[PDB]
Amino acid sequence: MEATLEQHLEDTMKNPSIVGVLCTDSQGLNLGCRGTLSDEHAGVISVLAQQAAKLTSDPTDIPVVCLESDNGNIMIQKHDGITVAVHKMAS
């Protein structure tokens, strides 16, 4: 695997339980997405991560946001400065 976001996004989608993935910067800029997660979700995902950050105070305690519904689970966490969201279909 080479160090491009594109290759990371493609590899992530090889996981059969993963139906979507989206990465943003800290202001909702859509860095890249696949599957169920697209441009329209970028802003919401970034706001969720930024708001979650305010319910803590480090040291670098990166707080994980998980949203659960009938349509599966979205897990949002920062990795190396980037906000990464993954949509998984469990059942």
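All residue numbers refer to positions in the sequence shown, first residue = 1. Definition used throughout: the rigid core is the maximal C-alpha set that superposes within 1.5 Å between two forms.
J.: C-alpha RMS from this form in 4 other deposited structures of this protein, rigid core superposed: larger for 60 to 68 or 32 to 40?
T.: If we average over structures and residues in 4 other deposited structures of this protein, the farther stretch is 60 to 68.
J.: Between 20 to 28 and 77 to 85, pick out the one whose C-alpha positions differ more from the shown form in 4 other deposited structures of this protein, using the rigid core for superposition.
T.: This comes out as 77 to 85, the stretch further from the shown form in 4 other deposited structures of this protein.
J.: I need to verify one thing: averaged over C-alpha atoms only, is the B-factor higher for 38 to 46 or for 55 to 63?
T.: Higher of the two, by average CA B-factor, is 55 to 63.
J.: Going by the mean C-alpha B-factor recorded in the entry, which is higher: 1 to 9 or 80 to 88?
T.: Per the PDB record, 1 to 9.
J.: Of the three thirds of its chain by CA temperature factor, lowest, middle or highest, which one includes residue 24?
T.: It falls in the bottom third of the chain.
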